[PDB]
$ cat structure_12.txt   # compact mmCIF, N, CA, C and O atoms
# COMPACT_ATOMS: atom_id res chain seq x y z
N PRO A 812 -71.41 69.35 14.27
CA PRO A 812 -71.57 68.42 13.14
C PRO A 812 -71.51 66.97 13.56
O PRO A 812 -72.26 66.14 13.02
N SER A 813 -70.64 66.64 14.51
CA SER A 813 -70.59 65.32 15.12
C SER A 813 -71.02 65.48 16.57
O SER A 813 -70.47 66.31 17.30
N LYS A 814 -71.99 64.67 17.00
CA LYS A 814 -72.59 64.87 18.31
C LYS A 814 -71.63 64.47 19.42
O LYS A 814 -71.71 63.37 19.96
N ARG A 815 -70.72 65.38 19.76
CA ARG A 815 -69.71 65.16 20.79
C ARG A 815 -69.90 66.18 21.89
O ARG A 815 -70.32 67.31 21.64
N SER A 816 -69.59 65.77 23.12
CA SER A 816 -69.62 66.68 24.24
C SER A 816 -68.49 67.70 24.11
O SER A 816 -67.51 67.47 23.41
N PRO A 817 -68.63 68.86 24.76
CA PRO A 817 -67.51 69.82 24.77
C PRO A 817 -66.23 69.23 25.34
O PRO A 817 -65.13 69.51 24.82
N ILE A 818 -66.33 68.42 26.39
CA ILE A 818 -65.14 67.77 26.94
C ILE A 818 -64.54 66.81 25.93
O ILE A 818 -63.31 66.74 25.79
N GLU A 819 -65.38 66.06 25.22
CA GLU A 819 -64.87 65.17 24.18
C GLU A 819 -64.17 65.95 23.08
O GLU A 819 -63.12 65.52 22.57
N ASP A 820 -64.73 67.09 22.69
CA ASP A 820 -64.11 67.91 21.66
C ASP A 820 -62.74 68.41 22.12
O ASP A 820 -61.76 68.37 21.37
N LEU A 821 -62.66 68.88 23.37
CA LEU A 821 -61.38 69.31 23.90
C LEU A 821 -60.38 68.16 23.94
O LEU A 821 -59.20 68.35 23.62
N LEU A 822 -60.84 66.97 24.32
CA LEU A 822 -59.95 65.81 24.34
C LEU A 822 -59.42 65.48 22.96
O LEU A 822 -58.23 65.22 22.79
N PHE A 823 -60.29 65.51 21.95
CA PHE A 823 -59.86 65.19 20.59
C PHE A 823 -58.97 66.27 20.00
O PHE A 823 -58.18 65.98 19.10
N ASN A 824 -59.09 67.51 20.47
CA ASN A 824 -58.23 68.57 19.97
C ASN A 824 -56.81 68.50 20.52
O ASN A 824 -55.87 68.85 19.81
N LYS A 825 -56.64 68.06 21.77
CA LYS A 825 -55.32 68.07 22.40
C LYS A 825 -54.39 66.99 21.85
O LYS A 825 -53.19 67.25 21.68
N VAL A 826 -54.91 65.80 21.58
CA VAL A 826 -54.08 64.71 21.08
C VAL A 826 -53.78 64.95 19.60
O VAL A 826 -54.69 65.18 18.80
N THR A 827 -52.50 64.91 19.25
CA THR A 827 -52.08 65.14 17.87
C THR A 827 -52.27 63.89 17.02
O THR A 827 -51.41 63.54 16.20
N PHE A 855 -45.75 53.47 2.74
CA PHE A 855 -46.40 52.33 2.10
C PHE A 855 -45.40 51.56 1.25
O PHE A 855 -45.62 51.35 0.06
N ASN A 856 -44.30 51.13 1.86
CA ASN A 856 -43.28 50.34 1.18
C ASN A 856 -43.51 48.85 1.45
O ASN A 856 -42.71 48.17 2.09
N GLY A 857 -44.63 48.35 0.94
CA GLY A 857 -45.03 46.98 1.17
C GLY A 857 -45.82 46.77 2.45
O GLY A 857 -46.25 45.64 2.71
N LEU A 858 -46.03 47.82 3.24
CA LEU A 858 -46.76 47.73 4.49
C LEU A 858 -47.84 48.80 4.51
O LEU A 858 -47.65 49.90 3.98
N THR A 859 -48.98 48.47 5.10
CA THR A 859 -50.14 49.35 5.11
C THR A 859 -50.61 49.57 6.54
O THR A 859 -50.09 48.98 7.49
N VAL A 860 -51.62 50.42 6.68
CA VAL A 860 -52.30 50.64 7.95
C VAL A 860 -53.79 50.39 7.72
O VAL A 860 -54.30 50.59 6.61
N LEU A 861 -54.48 49.96 8.76
CA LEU A 861 -55.87 49.61 8.55
C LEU A 861 -56.77 50.44 9.45
O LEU A 861 -56.37 50.86 10.54
N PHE B 562 -30.81 74.03 -9.20
CA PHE B 562 -29.92 72.90 -9.41
C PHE B 562 -30.38 71.64 -8.69
O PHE B 562 -29.77 70.58 -8.87
N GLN B 563 -31.45 71.72 -7.89
CA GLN B 563 -31.98 70.53 -7.24
C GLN B 563 -32.60 69.59 -8.27
O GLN B 563 -33.19 70.03 -9.25
N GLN B 564 -32.46 68.29 -8.03
CA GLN B 564 -32.92 67.28 -8.97
C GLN B 564 -34.14 66.51 -8.46
O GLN B 564 -35.17 66.48 -9.13
N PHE B 565 -34.05 65.89 -7.29
CA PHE B 565 -35.13 65.05 -6.80
C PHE B 565 -35.22 65.15 -5.28
O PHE B 565 -34.35 65.73 -4.62
N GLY B 566 -36.28 64.57 -4.74
CA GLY B 566 -36.50 64.54 -3.31
C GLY B 566 -36.67 63.14 -2.77
O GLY B 566 -37.49 62.37 -3.27
N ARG B 567 -35.91 62.80 -1.73
CA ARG B 567 -35.95 61.49 -1.13
C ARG B 567 -36.82 61.50 0.12
O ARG B 567 -36.93 62.51 0.83
N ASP B 568 -37.46 60.36 0.38
CA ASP B 568 -38.18 60.14 1.62
C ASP B 568 -37.24 59.46 2.62
O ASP B 568 -36.02 59.44 2.45
N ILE B 569 -37.82 58.91 3.69
CA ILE B 569 -37.03 58.40 4.81
C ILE B 569 -36.08 57.30 4.36
O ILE B 569 -34.90 57.29 4.70
N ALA B 570 -36.59 56.35 3.57
CA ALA B 570 -35.88 55.11 3.27
C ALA B 570 -35.21 55.13 1.90
O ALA B 570 -35.18 54.11 1.21
N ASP B 571 -34.67 56.28 1.49
CA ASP B 571 -34.04 56.43 0.17
C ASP B 571 -35.03 56.12 -0.95
O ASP B 571 -34.66 55.58 -2.00
N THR B 572 -36.30 56.44 -0.72
CA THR B 572 -37.33 56.31 -1.73
C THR B 572 -37.53 57.67 -2.38
O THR B 572 -38.02 58.61 -1.74
N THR B 573 -37.15 57.78 -3.65
CA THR B 573 -37.25 59.05 -4.36
C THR B 573 -38.71 59.43 -4.58
O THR B 573 -39.56 58.58 -4.84
N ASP B 574 -38.99 60.73 -4.46
CA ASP B 574 -40.33 61.26 -4.67
C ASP B 574 -40.38 62.29 -5.79
O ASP B 574 -41.36 63.04 -5.88
N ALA B 575 -39.36 62.36 -6.63
CA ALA B 575 -39.32 63.33 -7.72
C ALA B 575 -38.26 62.89 -8.72
O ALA B 575 -37.44 62.02 -8.45
N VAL B 576 -38.30 63.51 -9.90
CA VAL B 576 -37.33 63.23 -10.95
C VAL B 576 -37.40 64.38 -11.95
O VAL B 576 -38.41 65.08 -12.06
N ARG B 577 -36.31 64.59 -12.69
CA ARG B 577 -36.24 65.60 -13.73
C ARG B 577 -35.75 64.94 -15.01
O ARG B 577 -34.70 64.29 -15.02
N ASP B 578 -36.50 65.12 -16.09
CA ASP B 578 -36.18 64.45 -17.34
C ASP B 578 -34.86 64.99 -17.91
O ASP B 578 -34.64 66.21 -17.89
N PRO B 579 -33.98 64.13 -18.40
CA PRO B 579 -32.70 64.61 -18.95
C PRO B 579 -32.86 65.51 -20.17
O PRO B 579 -31.93 66.27 -20.47
N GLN B 580 -33.98 65.44 -20.88
CA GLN B 580 -34.19 66.28 -22.06
C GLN B 580 -34.91 67.57 -21.71
O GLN B 580 -34.42 68.67 -21.99
N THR B 581 -36.09 67.46 -21.09
CA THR B 581 -36.88 68.61 -20.68
C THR B 581 -36.95 68.61 -19.16
O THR B 581 -37.58 67.74 -18.56
N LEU B 582 -36.31 69.59 -18.54
CA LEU B 582 -36.19 69.64 -17.08
C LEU B 582 -37.55 69.96 -16.49
O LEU B 582 -37.95 71.13 -16.41
N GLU B 583 -38.27 68.93 -16.06
CA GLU B 583 -39.60 69.07 -15.50
C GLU B 583 -39.69 68.30 -14.19
O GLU B 583 -39.01 67.29 -14.00
N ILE B 584 -40.55 68.78 -13.30
CA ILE B 584 -40.78 68.13 -12.02
C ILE B 584 -41.88 67.09 -12.17
O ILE B 584 -42.96 67.38 -12.70
N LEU B 585 -41.60 65.86 -11.75
CA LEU B 585 -42.52 64.74 -11.90
C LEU B 585 -42.66 64.02 -10.57
O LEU B 585 -41.68 63.48 -10.04
N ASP B 586 -43.88 64.01 -10.03
CA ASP B 586 -44.16 63.23 -8.84
C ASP B 586 -44.23 61.74 -9.18
O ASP B 586 -44.57 61.35 -10.30
N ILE B 587 -43.89 60.91 -8.20
CA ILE B 587 -43.89 59.47 -8.37
C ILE B 587 -44.53 58.83 -7.15
O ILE B 587 -44.23 59.19 -6.01
N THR B 588 -45.44 57.88 -7.39
CA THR B 588 -46.15 57.18 -6.34
C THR B 588 -46.22 55.70 -6.69
O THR B 588 -46.25 55.34 -7.88
N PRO B 589 -46.22 54.82 -5.69
CA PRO B 589 -46.26 53.38 -5.98
C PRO B 589 -47.60 52.95 -6.57
O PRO B 589 -48.65 53.52 -6.27
N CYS B 590 -47.54 51.92 -7.41
CA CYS B 590 -48.75 51.35 -7.98
C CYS B 590 -49.51 50.55 -6.92
O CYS B 590 -48.92 49.99 -5.99
N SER B 591 -50.83 50.51 -7.08
CA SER B 591 -51.70 50.01 -6.02
C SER B 591 -51.48 48.53 -5.75
O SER B 591 -51.10 47.75 -6.63
N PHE B 592 -51.71 48.15 -4.49
CA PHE B 592 -51.68 46.76 -4.07
C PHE B 592 -52.52 46.63 -2.81
O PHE B 592 -52.86 47.63 -2.17
N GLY B 593 -52.87 45.40 -2.47
CA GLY B 593 -53.68 45.16 -1.30
C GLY B 593 -54.16 43.73 -1.26
O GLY B 593 -53.83 42.91 -2.12
N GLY B 594 -54.96 43.44 -0.23
CA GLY B 594 -55.50 42.12 -0.05
C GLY B 594 -56.84 41.92 -0.72
O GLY B 594 -57.52 42.87 -1.12
N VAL B 595 -57.23 40.65 -0.85
CA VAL B 595 -58.50 40.26 -1.46
C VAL B 595 -59.23 39.35 -0.48
O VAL B 595 -58.66 38.37 0.01
N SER B 596 -60.49 39.67 -0.20
CA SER B 596 -61.29 38.91 0.74
C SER B 596 -62.59 38.48 0.07
O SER B 596 -63.11 39.16 -0.82
N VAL B 597 -63.12 37.35 0.52
CA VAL B 597 -64.33 36.76 -0.03
C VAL B 597 -65.39 36.73 1.06
O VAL B 597 -65.15 36.20 2.15
N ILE B 598 -66.56 37.30 0.77
CA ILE B 598 -67.69 37.28 1.68
C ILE B 598 -68.57 36.09 1.31
O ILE B 598 -68.99 35.96 0.16
N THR B 599 -68.83 35.23 2.29
CA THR B 599 -69.52 33.98 1.99
C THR B 599 -70.53 33.65 3.08
O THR B 599 -70.15 33.47 4.24
N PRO B 600 -71.81 33.56 2.75
CA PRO B 600 -72.79 33.05 3.71
C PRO B 600 -72.55 31.57 3.98
O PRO B 600 -71.71 30.92 3.35
N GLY B 601 -73.31 31.04 4.93
CA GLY B 601 -73.20 29.63 5.27
C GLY B 601 -73.43 28.73 4.08
O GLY B 601 -74.44 28.87 3.37
N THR B 602 -72.51 27.79 3.84
CA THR B 602 -72.64 26.89 2.71
C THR B 602 -73.81 25.92 2.86
O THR B 602 -74.17 25.25 1.89
N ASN B 603 -74.40 25.83 4.05
CA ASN B 603 -75.61 25.05 4.25
C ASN B 603 -76.86 25.78 3.81
O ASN B 603 -77.95 25.21 3.86
N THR B 604 -76.73 27.03 3.38
CA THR B 604 -77.85 27.82 2.87
C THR B 604 -77.73 28.13 1.39
O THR B 604 -78.71 27.98 0.66
N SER B 605 -76.56 28.56 0.93
CA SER B 605 -76.35 28.86 -0.48
C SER B 605 -74.86 28.79 -0.77
O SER B 605 -74.04 28.50 0.11
N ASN B 606 -74.50 29.05 -2.03
CA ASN B 606 -73.11 29.07 -2.46
C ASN B 606 -72.85 30.28 -3.35
O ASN B 606 -72.11 30.19 -4.34
N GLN B 607 -73.47 31.41 -3.03
CA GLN B 607 -73.23 32.66 -3.73
C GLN B 607 -72.37 33.56 -2.86
O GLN B 607 -72.63 33.73 -1.67
N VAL B 608 -71.33 34.15 -3.46
CA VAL B 608 -70.31 34.87 -2.72
C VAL B 608 -70.13 36.26 -3.32
O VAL B 608 -70.64 36.57 -4.39
N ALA B 609 -69.38 37.08 -2.59
CA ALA B 609 -69.01 38.42 -3.02
C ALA B 609 -67.53 38.63 -2.76
O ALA B 609 -66.94 38.00 -1.87
N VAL B 610 -66.92 39.53 -3.53
CA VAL B 610 -65.49 39.78 -3.47
C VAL B 610 -65.26 41.24 -3.13
O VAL B 610 -65.87 42.13 -3.72
N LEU B 611 -64.37 41.48 -2.17
CA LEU B 611 -64.02 42.82 -1.73
C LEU B 611 -62.54 43.06 -1.98
O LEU B 611 -61.69 42.27 -1.55
$ encode --input "structure_12.txt" --output "structure tokens"
Amino acid sequence: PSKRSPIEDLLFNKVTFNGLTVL
Amino acid sequence: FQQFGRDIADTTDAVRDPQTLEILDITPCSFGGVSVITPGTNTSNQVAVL
């Protein structure tokens, strides 16, 4: 669905509001 | 017999009404910044707001 290499997919699989936000 | 649930900073995430014992979620009301999109004032003076 997203044009990623198999190595990229493996890499992405391995890595895992009280007045302040995230952007 | 449980009443409510606290988050990390003593921020409650639940409540039970003293009359009708019901579970009620609670979330903060929205807030955020306001930004203005503006082309060069040497070309026009029409802007947009995000």
$ closest_atom_pairs --input "structure_12.txt" --of "stretch 812-860 of chain A" --to "stretch 591-596 of chain B" --cutoff "10 Å" --atoms "only C-alpha atoms" --output "CSV"
residue,atom,partner,partner_atom,distance
A:855,CA,B:592,CA,9.8
A:857,CA,B:592,CA,8.5
A:858,CA,B:593,CA,9.4
A:859,CA,B:593,CA,8.4
$ atom_distance --input "structure_12.txt" --atom1 "atom N of residue B:588" --atom2 "atom C of residue A:861"
21.6 Å
$ atom_distance --input "structure_12.txt" --atom1 "atom CA of residue B:585" --atom2 "atom CA of residue B:565"
9.0 Å
$ axis_aligned_box --input "structure_12.txt" --around "stretch 825-861 of chain A" --padding-each-side "4 Å" --output "JSON"
{"center_x": -49.7, "center_y": 56.9, "center_z": 11.2, "size_x": 22.1, "size_y": 30.4, "size_z": 30.3}
$ select_by_dssp --input "structure_12.txt" --residues "stretch 568-606 of chain B" --states "strand (DSSP E or B)" --output "ChimeraX atom specification"
/B:573,577,584,597-598
$ write_last_selection --input "structure_12.txt" --atoms "N, CA, C and O atoms" --output "PDB file, in the frame of the given file"
ATOM      1  N   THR B 573     -37.150  57.780  -3.650  1.00  0.00           N
ATOM      2  CA  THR B 573     -37.250  59.050  -4.360  1.00  0.00           C
ATOM      3  C   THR B 573     -38.710  59.430  -4.580  1.00  0.00           C
ATOM      4  O   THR B 573     -39.560  58.580  -4.840  1.00  0.00           O
ATOM      5  N   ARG B 577     -36.310  64.590 -12.690  1.00  0.00           N
ATOM      6  CA  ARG B 577     -36.240  65.600 -13.730  1.00  0.00           C
ATOM      7  C   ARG B 577     -35.750  64.940 -15.010  1.00  0.00           C
ATOM      8  O   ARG B 577     -34.700  64.290 -15.020  1.00  0.00           O
ATOM      9  N   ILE B 584     -40.550  68.780 -13.300  1.00  0.00           N
ATOM     10  CA  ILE B 584     -40.780  68.130 -12.020  1.00  0.00           C
ATOM     11  C   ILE B 584     -41.880  67.090 -12.170  1.00  0.00           C
ATOM     12  O   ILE B 584     -42.960  67.380 -12.700  1.00  0.00           O
ATOM     13  N   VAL B 597     -63.120  37.350   0.520  1.00  0.00           N
ATOM     14  CA  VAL B 597     -64.330  36.760  -0.030  1.00  0.00           C
ATOM     15  C   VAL B 597     -65.390  36.730   1.060  1.00  0.00           C
ATOM     16  O   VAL B 597     -65.150  36.200   2.150  1.00  0.00           O
ATOM     17  N   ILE B 598     -66.560  37.300   0.770  1.00  0.00           N
ATOM     18  CA  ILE B 598     -67.690  37.280   1.680  1.00  0.00           C
ATOM     19  C   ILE B 598     -68.570  36.090   1.310  1.00  0.00           C
ATOM     20  O   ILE B 598     -68.990  35.960   0.160  1.00  0.00           O
TER      21      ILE B 598
END
